[PDB]
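As structure tokens, one chain now follows by itself in the form deposited in one PDB entry.
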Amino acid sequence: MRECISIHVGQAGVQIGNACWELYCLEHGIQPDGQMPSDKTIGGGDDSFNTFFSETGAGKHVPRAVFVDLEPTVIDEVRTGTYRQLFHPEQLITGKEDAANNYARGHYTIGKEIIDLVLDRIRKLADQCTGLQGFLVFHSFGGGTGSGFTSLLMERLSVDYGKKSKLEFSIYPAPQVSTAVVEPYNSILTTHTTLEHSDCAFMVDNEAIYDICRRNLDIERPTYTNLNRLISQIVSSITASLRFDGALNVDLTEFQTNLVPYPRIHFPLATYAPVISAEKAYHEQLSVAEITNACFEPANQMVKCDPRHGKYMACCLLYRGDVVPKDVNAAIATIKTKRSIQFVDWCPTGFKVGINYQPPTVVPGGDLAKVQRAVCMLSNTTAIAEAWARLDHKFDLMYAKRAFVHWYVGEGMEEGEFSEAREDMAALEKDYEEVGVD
């Protein structure tokens, strides 16, 4: 009917994609083998999950997912884990040597040896689609494969699948879990070259997730396991609309129509509520009014920034659970009045709303509590330029002395590619400044 193919590139890409597929199965009634037995299924008749899962003659539902990594240790856990029989071996692709946190090795030197097999495995998936919508691409910014190989794959998907949408989930770096000093370099390099290829990109700041884990989940020193559990809970809120019957963001096309009025400024900010610790003492379930209000607290955002020093281009609210439309209309009126939210001059001011009545799902045993009703706000604020500026300033500091540049030059990339990418970033900063003027 209208399928979506998900692509997971590098460690972060593969690890978050695996946590997402685990939650999808739980949401749809799919077992780790791929079966959907009568007992496990929601008896509502909603078959929209077929956009993410293909079906075999034996009734096995298979994720339309491709996992790529230049090194095998991450994908070998997927091949061995609980979901070893969920994906076909053909969908799990591994190199032998990784990009050593170098954008140039993933894009040029090493990436070029695997790009044609990756496109072949993607074409195999695409062939089973009667009406493919496009792609959801999961990757880090700071790693050499997640940055370098992703931009190479994005460049090629545009050519081989011209009329198809490309949505990203990008892992934005943080010092608490940083593995490389060159991450600002890779982050700025993948942004410049991917910019015209993606239609909508959702940045996941590792620091924002770290803060939410420490503060709402009471996790003292969060590890990737903790982070990916909250990341997947949130990313699944953003993708739900694609996998279930609904009236908002039902296709990849609708994400730009509802969220992206200006193409370069295509980085919406996501705010998820409520994030509750499974270990918390009894509390009354938080109301539509309460969860809607949490959407405007910058502590609940998955990118560290302040929309109160910035303007809006778009705002979507995707509600899940025991959510009464009359209670949502009443709560949005309170936000449109008692809250001082400012839109950019040539965009309508309305807040788009979606309500899926099925109860929210969490992974049994994890850090998160099962809530009665939840919300994900997707908003395109100019405030997100704060996250760009932080990466740009760190890039400027090292590039002022040509520190570590030699690694990139000696791996197929030209020196002028650094300054050209930084120019595109300076132009993007100015674009955000131009749309916010009064």
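By rigid core we mean the largest C-alpha set that fits within 1.5 Å across both forms. We number the residues from 1 along the sequence you see.
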| property | result |
| --- | --- |
| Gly44 not built in a third or more of the other entries | yes |
| 114-122 versus 286-294 - greater average Cα B-factor per the deposited record | 114-122 |
| Which of 401-409 and 57-65 has higher mean CA B factor, as the PDB entry lists it | 401-409 |
| Residue with maximal Cα B-factor (values as given in the PDB entry) among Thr239, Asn300, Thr361, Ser178 | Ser178 |
| Residue of maximum C-alpha B factor among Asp245, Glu168, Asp211, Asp98, per deposited coordinates | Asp98 |
| Relative C-alpha B-factor of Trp346, binned into the chain's lowest, middle or highest third | middle |
| Ranked against its chain, the third holding the CA B-factor of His139 | lowest |
| CA B-factor ranking of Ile5, expressed as a third of its chain | lowest |
| Ranked C-alpha temperature factor of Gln85 among modelled chain residues, by third | highest |
| Record-listed C-alpha B factor of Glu183: chain third | highest |
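Quick note: we don't show the form deposited in another entry, though the next part is all about it.
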| query | finding |
| --- | --- |
| Of the candidates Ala294, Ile93, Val250, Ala201, the only Cα that travels 2 Å or more between the shown form and the other one, given a rigid-core fit | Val250 |
| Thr80 C-alpha relocation of at least 2 Å between the shown form and the other one, rigid core basis | no |
| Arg308 C-alpha moves between the shown form and the other one by 2 Å or more, core aligned | no |
| Yes/no, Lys112 Cα shift of 2 Å or more between the shown form and the other one with rigid core fixed | no |
| Direction of C-alpha distance change in the other form, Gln372 to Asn249 (at least 3 Å) | closer |
| Cα separation of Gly310 and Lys338 in the other form versus here, shift of 3 Å or more | closer |
